[PDB]
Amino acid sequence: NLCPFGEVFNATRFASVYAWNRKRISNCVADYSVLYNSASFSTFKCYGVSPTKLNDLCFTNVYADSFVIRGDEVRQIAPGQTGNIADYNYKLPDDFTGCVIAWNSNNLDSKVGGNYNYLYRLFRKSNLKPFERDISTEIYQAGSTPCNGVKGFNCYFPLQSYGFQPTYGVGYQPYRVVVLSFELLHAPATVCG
């Protein structure tokens, strides 16, 4: 009947950026009006499509990628961006066609003692290809002597944790991102507006 956008944005728990979650949106009428009128998103950048002219464009499939990063990394969720999240966690293609939506979630994803449940990848041998997911936990060798699964001299764990506490600056507070990507094949369109 109607696309379950509620299960993505209003989810009780979000995933870490290194293991970002993708939900497939198909065979439903997609109401983007709610997202337009909603004045709670700190980011609503669309690429290849305009958000206004969206309730009249049908697509074969819609994909919603969701994760949590900090404020100064939201700028990396865009085509042609580099840093530590776009290189080791979540990379968008240059010819991206979709929207990036993000909002501040300090009241939910911050613990007073420290929220260490959200993680991000810190080391990797090469940058991620577009829409690639890496969840391996093998020790990253950054030195001459190799690492046999043990940390030490130039042997670090590939995953690191965010602090996520209410006393940080906005640049370090947790932000929930939903990346809506649209694909259009030479096939009947199941998701309209």
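The numbering used is simple: start at 1 and walk along the sequence shown.
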| remark: Assert higher mean C-alpha B factor (69-77 or 112-120, deposited values) equals 112-120
| query | 124-132 versus 150-158: which one carries the higher mean Cα B factor per the record? | reply | 150-158
| Which of these has the highest Cα B-factor in the record: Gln165, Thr43, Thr137, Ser144? | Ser144
| request: Just say lowest, middle or highest third for the CA B-factor of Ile25 relative to the other modelled residues in its chain. | output: middle
| query | Can you tell me which third, lowest, middle or highest, the CA B-factor of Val62 falls into for its chain? | reply | middle
| said: Considering every modelled residue of the chain and its Cα B-factor in the PDB entry, is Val170 in the lowest, middle or highest third? | reply: middle
| note | Chain thirds by Cα B factor, record data; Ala11 belongs to the middle
